[PDB]
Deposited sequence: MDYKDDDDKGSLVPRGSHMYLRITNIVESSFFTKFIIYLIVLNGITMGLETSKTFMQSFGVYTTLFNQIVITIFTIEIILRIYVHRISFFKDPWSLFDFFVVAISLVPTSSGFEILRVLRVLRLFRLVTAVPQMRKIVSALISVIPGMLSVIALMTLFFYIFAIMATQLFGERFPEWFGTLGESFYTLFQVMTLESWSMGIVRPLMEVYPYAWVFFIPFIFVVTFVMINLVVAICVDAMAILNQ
């Protein structure tokens, strides 16, 4: 436990932490410049090396963190996250993982404590509401089944499939185009379709308000 104390004083360093945060902001700026095709045509090599650099440094960092923290590291969600977001980035382009790499910019939430407080407030609120979520999901499922067989033969895009009915009922819940776009069309064939979707909007768009209030009191009380 001689060298172990040496890398512990490096890992626990105020410089080390600040150095990591400096790269995250740098890489975040860089990942937004990779958006410009103009910029990329002239600096893709400069950037792709910088991308391969920052990921090695982030890999060294994780390995150090593991030696210093041992099994306590995997008890930490913020570290588990940091782990999975460099592992994703470690797998080569051989093609959607190339896009998930930008999730590493969320380390700026992990690495910055002022941010963790907010996320953790929000995430801890959720298990209390897990029961209302299962009510609405059961409610969606019961109605998604009904709508599939109530309107999916004549309206396949919106209701031809359980998942399609799930998606459309979600859209109705957000109220987006629910009447002009969906229910008025359905009423040219099924004049009583409003007996299905008006009760659905009452229940769901009012249960949601409770789910809203509940979540947004627990977080208020915690902080």
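> Counting from 1 along the deposited sequence, give me every gap where there's no C-alpha, start to finish.
Comparing the full sequence with the modelled residues, the uncovered ranges come out as 1 to 16, 111 to 113, 243 to 244.
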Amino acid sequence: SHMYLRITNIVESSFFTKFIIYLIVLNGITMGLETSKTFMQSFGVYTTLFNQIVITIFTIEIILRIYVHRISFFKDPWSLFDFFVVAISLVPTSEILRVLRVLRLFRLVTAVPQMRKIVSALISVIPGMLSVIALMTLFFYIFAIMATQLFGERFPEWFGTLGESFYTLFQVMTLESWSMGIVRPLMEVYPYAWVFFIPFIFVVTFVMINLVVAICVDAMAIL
From here on, numbers count along this sequence of modelled residues.
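> 11 to 19 versus 202 to 210: which one carries the higher mean Cα B factor per the record?
Between 202 to 210 and 11 to 19, it is 11 to 19.
> Looking at the entry, does 146 to 154 or 129 to 137 show the higher mean C-alpha B-factor?
Taking the mean B-factor of the alpha carbons in each, 129 to 137 is higher.
> So among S179, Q171, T35, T47, who wins on Cα B-factor in the entry?
Comparing C-alpha B-factors across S179, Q171, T35, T47, the maximum falls on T47.
> By the record's CA B-factor, is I57 among the lowest, middle or highest third of residues in the chain?
Middle third, going by the recorded CA B-factors of the chain.
> Please rank the C-alpha B-factors of the chain's modelled residues and tell me whether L186 sits in the lowest, middle or highest third.
It belongs to the lowest third of the chain when residues are ordered by C-alpha B-factor.
> Select lowest, middle or highest to describe the third in which the CA B-factor of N51 falls within its chain in this entry.
Its C-alpha B-factor belongs to the highest third of this chain's values.
> Which third, lowest, middle or highest, does the C-alpha temperature factor of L64 belong to within its own chain?
According to the entry, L64 has a C-alpha B-factor in the chain's middle third.
> Taking the chain's C-alpha temperature factors as the reference, tell me which third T161 falls into: lowest, middle or highest.
Lowest third, going by the recorded CA B-factors of the chain.
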